[PDB]
């Protein structure tokens, strides 16, 4: 080891190639500086960087020994002086997730096009899921200052080509995500509980109308809440237990929460909804934190008011901050998932803010958006694969 040599093996993968190459190398005076190997669709690449004595690199003995052993079995091999060559590759700066059902070639092509345009190198591509959505990951190296430009390009691509596209910082700190919060209505839970309550008063129509306006950001949250809850005035509080029982989880929600617990996540919900409905479900799903509003009840009857203070847009963010503090988790390591303008400050406050089948106003400011009715696609954005999830679930 005075000078360095690079050995590169390619061809149709076969058993024992790796061991054969190094058993051959061991017969010379060779120390390893770096090894890289993968098989993709039965294509092997094995790159080995060694430093051997000056005496050895000058020698066709090493060359012949390697060339003969590799070519004999049917693969190809190259061998060259390195010296100027980098020993270990630098980490990727970002990772890009592409989800779709389907992901067209045109879509992915548009992603690649935008990436290359900004002088972004693609370091790796792999699949992260084949179900319930096709999911692909590109780890990339982005030129400094170009990432803002990159997110913009890819947002345009996402809207035009019908795929979800998320860009995330791939640094150590930023991917040690430890805490997550979900909005409840239309996020963790299907539908709007307040509409289910309003149905019992025969007011479902107007309340659905206002809820939709409020989640689009057209109405101030607090006022929209007071007005909608007013429509409940008179209902017996028994109605809370009924609606609570009719609640169905978002598809994939159980898988999501279960996988997140496996990963050691602190988990919570932040809702402008009602705690008597949310806390039963939260306890059962074994959550770590709840923040919700509260219905005023007099004589076992709903008054049509909520008990202040009212969790509003700023309030959600404040609750995440609070939760993160109780939990000892920096904001950069928090995740928030919501569907409404109700959620904008919570998503913004989060290290990673995820819009889930969301109104435009939320999508507009979210770190990432998800457009299929499967909450587990959240897991793909947290660096988890379908196979990993299924593997862990198989062991029970």
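Residue numbers count along the first chain shown, from 1.
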_Given that the flanking residues are present, does residue 103 go without coordinates in at least a third of the other entries of this protein?_
no
_Does the comparison with other entries of this protein show residue 208 left unmodelled in at least a third of them?_
yes
*asked:* If you take the mean CA temperature factor per stretch, which one wins between 199-207 and 268-276?
replied: 199-207
_211-219 versus 113-121 - greater average Cα B-factor per the deposited record_ = 211-219
*What's the residue among 130, 168, 299, 137 with the greatest CA temperature factor in the PDB record?*
299
*Out of 186, 78, 238, 141, residue topping the C-alpha B-factor column of the entry*: 238
_Entry-reported Cα temperature factor of residue 6, expressed as the chain third it lands in_ = lowest
*Chain-relative CA temperature factor third for residue 361*: highest
*asked:* Among the modelled residues of this chain, does the Cα B factor of residue 333 put it in the lowest, middle or highest third?
replied: middle
*asked:* By the recorded C-alpha temperature factor, relative to the other modelled residues in its chain, which third is residue 34 in?
replied: lowest
*Ranked by Cα temperature factor within the chain, is residue 180 in the lowest third, the middle third or the highest third?*
lowest
